[PDB]
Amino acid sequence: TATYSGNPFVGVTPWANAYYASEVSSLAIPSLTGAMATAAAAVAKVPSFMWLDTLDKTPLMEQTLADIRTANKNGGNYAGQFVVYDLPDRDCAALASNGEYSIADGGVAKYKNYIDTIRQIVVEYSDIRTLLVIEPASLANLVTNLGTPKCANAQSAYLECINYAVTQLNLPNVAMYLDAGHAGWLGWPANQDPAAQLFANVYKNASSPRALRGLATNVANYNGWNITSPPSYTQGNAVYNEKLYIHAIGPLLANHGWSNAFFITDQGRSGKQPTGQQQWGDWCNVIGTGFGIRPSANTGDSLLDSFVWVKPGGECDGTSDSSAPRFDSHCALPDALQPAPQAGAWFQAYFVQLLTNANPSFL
């Protein structure tokens, strides 16, 4: 059954998609030998989320769901995993990940069309449970980066567009998780309450959509789930890992009118702790990282629906080239792996790093 009550990760198996599998098999594996090559084939079988970072990625979502329908007709019990990620003036506090739509060029109307396209796909594939992460680095930017003109000027559009996404994708086979930053972003004491207030306000404003299950944390970041020692870059914070973060924010959501909110947490690049970060705010292509806890609904935690791999390891965070378009200074930092291609492009040396440092190990 595609429909569900409670945890949408229970009773299904997340599908490992062909897009990442193709990247690994055709961009990574030909450069690897022996033990590394075998291990890499195994990484491609770990389910990670497919990012709908352009409208012309929607045909690939459809293909993925088509593959799943076939597998499920043949005895499979698989679920699709996708990231909705195409807001106008996207990624407003950074320069690396600017998208195809802008508010000044009819971006809100274009975003609504993009959402409409996704809704039609989800309607077609009502037979497949569909797990969605909604708009990484959008709402979190509204909590801490209204001092960035691009974010301030986007605030109204973000809220309109996110409302449209969560209402229009509010369907019986869907579970949505709003992106909610991470321990080192919104876990800071002064950021917790405003963050919770914003998430609960989005939820209430959308008429409390039943398909809106909760929040996604650590997306495209590196924090440990439940590491027992605070890394040096966490500066003595109470909230120094994702478990502490969700247990801090969870009750605050309930306080602000969002009860029964649950979480998923990206561990795709969290295997090696501490990481190579020299400042907690360093997010771009972080050195000394590894593949982390494998996706599982067996979390041993009251609030965590599932460990997930949202950001696909190997896919770049942003270019390190000062002369290239979409260059962000964060990607040139001592703790950012050099030289890096455009955001989303394959970054072979980074994949190798993740594989070498994987915990649990693939080798």
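Sequential numbering from 1, following the sequence displayed.
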Practice prompt. Check the entry's C-alpha temperature factors for 283 to 291 and 187 to 195, then say which stretch has the higher mean.
Written response: 187 to 195
Worksheet item: Higher mean Cα B-factor in the deposited model: 21 to 29 or 348 to 356?
Response: 21 to 29
Worksheet item: Of 312, 325, 318, 47, which one's C-alpha B factor is largest in the deposited record?
Response: 325
Discussion item. Among 134, 180, 121, 94, where is the Cα B factor highest in this entry?
Written reply: 94
Discussion item. Please place residue 143 in the lowest, middle or highest third of its chain according to the CA B-factor in the PDB entry.
Written reply: middle
Worksheet item: Going by the entry, which third of its chain does the Cα temperature factor of residue 127 land in?
Response: middle
Practice prompt. Place residue 250 in the lowest, middle or highest third of its chain's C-alpha B-factors, as listed in the PDB entry.
Written response: middle
Discussion item. What third of the chain does residue 200 rank in for C-alpha temperature factor, lowest, middle or highest?
Written reply: highest
Worksheet item: So where's residue 212 on the chain's Cα temperature factor ranking, which third?
Response: lowest
